[PDB]
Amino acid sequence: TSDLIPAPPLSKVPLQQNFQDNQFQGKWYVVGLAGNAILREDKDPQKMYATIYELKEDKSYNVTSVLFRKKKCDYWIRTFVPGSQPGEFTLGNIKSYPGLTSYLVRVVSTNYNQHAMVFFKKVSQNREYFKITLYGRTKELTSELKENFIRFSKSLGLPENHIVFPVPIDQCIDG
């Protein structure tokens, strides 16, 4: 029902050159998060969660995000399939998600052992949603990388109340 900031043309979202799927694997913490249905919530700040990418034999990722919610560890699980050029992905078993007609992932940049920026886009009940995650191998990143992520999001038309920085926690996400 509610109006949405439109998705940007893909022409504005870079693709990472020579993507290495082996080195992008393992666990990443979500240290920055923006998108058109992401809202700053000062009363109740978003908490850091993690996303583990596991490379399978068939070259798909099995993908698990671990979050802390209502005193418990939640697990959100899905398969990312290699898309039309390397470092992009489509969603496996799209039909089994009600309302979902379109899903897209594009890794924007990464140095594989410190940080990454990734882009996501879905159509759900004919509404078009998008987000950008700032990832780290630890729960901390520098001012430089964070201002880099604020500039890139703003370049996609997101104002600053649609850009947030999950607070580090120890429950569920560690290992």
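All residue numbers refer to positions in the sequence shown, first residue = 1.
Checked against the record, the higher mean CA B factor of 37-45 and 134-142 lies with 37-45. When the modelled residues of the chain are ordered by C-alpha B-factor, residue 63 sits in the lowest third. The deposited CA B-factor of residue 87 belongs to the lowest third of values across its chain.
Sorting the modelled residues of the chain by their CA temperature factor places residue 20 in the middle third. Among all modelled residues in its chain, residue 105 ranks in the lowest third by Cα B-factor. Residue 77 sits in the middle third of its chain by CA B factor, as recorded in the PDB entry.
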